[PDB]
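Report on one structure; see the data block that follows.
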Amino acid sequence: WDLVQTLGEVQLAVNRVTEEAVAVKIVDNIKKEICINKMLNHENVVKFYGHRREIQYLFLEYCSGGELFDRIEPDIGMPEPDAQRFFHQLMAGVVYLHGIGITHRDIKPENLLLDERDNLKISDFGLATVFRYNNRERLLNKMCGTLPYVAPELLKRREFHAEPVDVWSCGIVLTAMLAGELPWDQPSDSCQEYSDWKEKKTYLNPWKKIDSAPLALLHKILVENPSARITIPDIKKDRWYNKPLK
Ligand SMILES: c1nc(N2CCOCC2)c2nc[nH]c2n1
């Protein structure tokens, strides 16, 4: 395997005989990340091939599509139809992860990679952890992620359920896809932008730029009480989510 270039550490590696391409992760967490990656088998999660301990090398499906982040036009987002498709495949990824007791913990556009056909794949399990084992749920105490995408309970609680935090970060991604901007620096009362949302001031950016069907869903996802917040089974039955789009 020869490393043609740096992906953005991750570099593209092309096998000389086969000529097949891939992504190689070189890192000198990692033990957990490798362990969790070898559990995953889904068409919406970056594929794990193997690893070699020379400095550690991880062999991952290469997504020529690049980051979902680059498909978002600033201050504009992207065609509602494309966002819906991406969000559908994102739910598929997370349902799967959650179904095998795994939480990504850092869902964001930088970590949603697109393949040649543009199918979305969830990337980077360096922050991921088990939250269900032997059918026993474990609450999470550690703080992980990025501030704009983090659920508010993560800032306020000593302990919290894993699933609604991932759902919340998926709602922030949906907001970014349809408005081309992040709503708040962090999910806290001190923040003006977050208080404004809690007060339903949707006549402001970013909400101004979102049609009412998807906004109604964001209303159900960006709910401060992680217990009142919509769950993924419910998201599937959401009206916008099942709306035929051009
Ligand atoms: C395409 N792009 C990737 N990245 C984008 C740059 O940051 C690292 C992840 C990939 N990471 C693993 N496979 C990949 N295929």
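We use all heavy atoms of the structure for the numbers below, so side chains are in, but hydrogens, waters and symmetry mates are not. Every number for a ligand or one of its atoms is a count from 1 in the order of the listing. Numbers for residues simply follow the sequence, beginning at 1.
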Ion pair check, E153 and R229, cut-off under 4.0 Å: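 Judged by the 4.0 Å cut-off on N to carboxylate O distance, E153 and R229 do form a salt bridge.
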
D118/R85 salt bridge by N-O under 4.0 Å criterion: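 Looking at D118 together with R85, the answer is no, because their closest N to O distance does not fall below 4.0 Å.
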
I need the atoms of ligand 1 closer than 4.0 Å to a non-hydrogen atom of [X], numbered in the order shown.
X	value
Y62	1 (C), 15 (N)
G8	6 (C), 7 (O)
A23	12 (C), 13 (N), 14 (C)

Winner among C63, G65, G66 once heavy atoms are compared against atom 15 (N) of ligand 1: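 Selected option, by shortest heavy-atom distance: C63.
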
Nearest neighbour of atom 4 (N) of ligand 1 from the list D115, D124, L113, on a heavy-atom basis: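 Nearest option to atom 4 (N) of ligand 1, by heavy atoms: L113.
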
Heavy-atom side-chain proximity of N44 to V94 below 4.5 angstrom: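 A side-chain contact is absent here, since even the closest heavy-atom pair is not under 4.5 Å.
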
Check: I102 and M39 side chains under 4.5 Å, non-hydrogen atoms: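 Answer yes - side chains close enough.
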
Polar contact flag, side-chain donor to acceptor under 3.5 angstrom, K108-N111: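 No, because no side-chain N or O of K108 sits under 3.5 Å from a partner of the opposite role on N111.
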
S123-ligand 1 polar pair, N/O distance under 3.5 Å: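 There is no such contact.
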
Parallel, tilted or perpendicular, as decided by the 30° and 60° cut-offs, for the rings of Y241 and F87: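 The arrangement is perpendicular - the two ring planes meet at more than 60°.
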
Ligand 1 contacted by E9 (non-hydrogen, < 4.0 Å):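 Judged by the 4.0 Å heavy-atom criterion, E9 does not count as contacting ligand 1.
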
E67 and ligand 1 - part of the residue with a heavy-atom distance under 4.0 Å: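 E67 to ligand 1: side-chain contact only, backbone stays beyond 4.0 Å.
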
